[PDB]
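This document starts with two versions of one protein chain, written out as structure tokens and named structure 1 and structure 2.
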Structure 1
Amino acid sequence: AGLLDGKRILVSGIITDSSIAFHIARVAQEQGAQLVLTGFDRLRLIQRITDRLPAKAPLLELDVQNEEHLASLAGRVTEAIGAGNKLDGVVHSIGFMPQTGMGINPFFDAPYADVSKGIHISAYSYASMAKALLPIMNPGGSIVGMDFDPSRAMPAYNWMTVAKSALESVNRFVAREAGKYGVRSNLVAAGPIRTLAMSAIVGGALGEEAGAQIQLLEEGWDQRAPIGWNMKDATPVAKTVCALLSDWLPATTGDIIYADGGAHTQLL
């Protein structure tokens, strides 16, 4: 009986209990939505992590680089929610860039094969998922993806940043197609969140310099954000995604909503 009461939503991107996607799924269910999850390759793990969600939800395997996974995607989803039913929302919360495209490894030293894999998973997959799922979405539906403001360069993030720039551009095009189905397509630019991977990197997983740079980046965030920013709490981001999945933002598409504490609206 909440924001998403009666909505059927597919949520990808869960890998650990610290994933933004995990918190997206929790808030969504708390708000009355029925979910259908998708996981990359460690499904046994994802399954075990997802049992902790408020309610149960079927888990479907989905390797965004696998054409067969995508081709059969809509089929398996309908099977999970039952024939005759369609999705009202889709959450894209996946991203990746080989170590070579981030951290201390110099920007120029990233081989195209690695950058291409990063863009395939981080940006193109947004279009892939929409393509596979639009056929089984209801008018008024909503697709949303996770993003971070790449309008300016920054240290460490390197090619992952370039992948976001590409993603934002793909979103604007996905909106054109999604509009034919009465569906909206938007992105959510979050502030930095301490997921497992992020912590590992801050801890020096990808080099000391990278870790040091990303650390004072997080610190400058809470300082710039007029309402502050708590990197250990992904709830404010999960709510924003749910706001976009609801019926309360019916006139916005091909857009980006910033859930970063307002940090990007301030020089300092």
Structure 2
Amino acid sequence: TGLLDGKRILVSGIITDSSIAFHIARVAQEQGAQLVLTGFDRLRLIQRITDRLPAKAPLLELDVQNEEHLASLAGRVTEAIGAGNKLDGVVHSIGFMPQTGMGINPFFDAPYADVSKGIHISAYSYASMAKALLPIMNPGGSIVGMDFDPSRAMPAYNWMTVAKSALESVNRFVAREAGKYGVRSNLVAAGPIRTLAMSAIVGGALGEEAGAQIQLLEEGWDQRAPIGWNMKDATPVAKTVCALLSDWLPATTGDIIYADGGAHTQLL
């Protein structure tokens, strides 16, 4: 029963009950899929959040920057799901970029060390995580990551935009690799979703002469979207993810599926 029924899927990126990856896992569980979650430093905290999901799932630690963690993932996962078992899905919902390369800080003022860190976590980790779990996946599986259309320049997104441009390109390579094991790799470009990381800027954390820019940006989205767009509700994005983790899109790979309500296909 369910869309992902019987599939064992790895979800990551969770940190709050408001982050997209949390809703993905919740929908994946509601669709009878069995999970394995990976989290960052505040494991003690992430533990609490996951203790809200409709069902229990082992929670492993995963700093994408720790090449040592990566060297143990496949094993640990093998423990989580059990011998004689393989993964059918891998979801990469991880992003990082110092405020030096996003918010209000000028584009030319982000030092490389900060940018390189963001790209390492936002772009590179997609390839290495795919390098870690590829070997324990069943042919016919789906790896999928989050994206935010970097097609055209926009205010404040600055370097996180460059990282995303570099994520799509990497996604196309991971796919010719993944395709060897019969696995599909795709990205999902979502519109903006009022998550916690931004839940603070909502009141003016970045100020007026900027906190207004991002604002007119989001409104433009529902404005442009033929079917509208509520940014305070991730579900539409999560269902799209689930669709990609299922078996009803087994001919699409190395692609980008836009879950933005058609905004990117309309100018005004």
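Think of the rigid core as the biggest set of C-alphas that the two forms share within 1.5 Å after superposition. Structure 1's sequence is the ruler for residue numbers, which start at 1.
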- Item | Candidates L206, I46, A234, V27 - which moves between structures 1 and 2, C-alpha at least 2 Å, core fixed | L206
- Fit the two forms on their core, then tell me the C-alpha shift of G103 between structures 1 and 2 in angstrom. 1.5
- Query: Aligning on the rigid core, what is the distance the CA of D222 moves between structures 1 and 2, in angstrom?
  - Reply: 0.3
